[PDB]
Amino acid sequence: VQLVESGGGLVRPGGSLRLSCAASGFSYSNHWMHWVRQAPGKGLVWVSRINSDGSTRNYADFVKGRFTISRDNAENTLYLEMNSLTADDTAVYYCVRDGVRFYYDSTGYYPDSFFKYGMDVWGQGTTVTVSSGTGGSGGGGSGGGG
C-alpha cells in the first residue's frame, strides 16, 4: 500500500500548480481520498476530500474556490489543481487515504454527515514553495472576501 505525490516545486505568487498522487496496493476507486498540507514548522491543515465518484468534493474555508480536487480511478490518480497561490499556501502537501470509511461504505460514494473515518495511508508529501525569493514581507495573502 502506497501513495506517491508529484508536481510540487517553486511557483511564483499568483501562479498555478497541479499536484498529482499515484495510489497502489488497494481498491483505489472505492476509497475517499484527502489532501492535507503542512506549512514549514507549522501544524497539519486539512485541505480537501473527494468521494469515489467525484460527486462530493469538500474544501477547507481558506481554499475559497482556488483549488479543485479530482481523481482518475482507472489510473489510480488523485489531483489537486491550484490557482492564485500565495505565500499562505507554501507547504508540504500530503495525499491521504480514508481506509476506515471503506469498512462501513465499501462503495466510497455516500457523503453521510460526520461519518467514521481514519486517514491511515499517507504519502511522503510534495513541497510547494510560493516564492519570489524575497523575505516574508514580499509575500501576499487573501483579499478577505467570499
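Residue numbers run from 1 along the displayed sequence.
- For the pair 3 to 11 and 137 to 145, the mean Cα B-factor is higher in 137 to 145.
- Averaged over their C-alpha atoms, the temperature factors of 92 to 100 and 59 to 67 are higher for 59 to 67.
- Note on the listed residues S24, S20, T129, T126: the highest Cα temperature factor in the record is that of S24.
- You'll see in the entry that, of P40, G54, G118, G108, the Cα B factor peaks at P40.
- Placement of the Cα temperature factor of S113 within the chain: middle third of the modelled residues, per the deposited record.
- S29: CA B factor in the middle third of modelled residues in this chain (values from the PDB entry).
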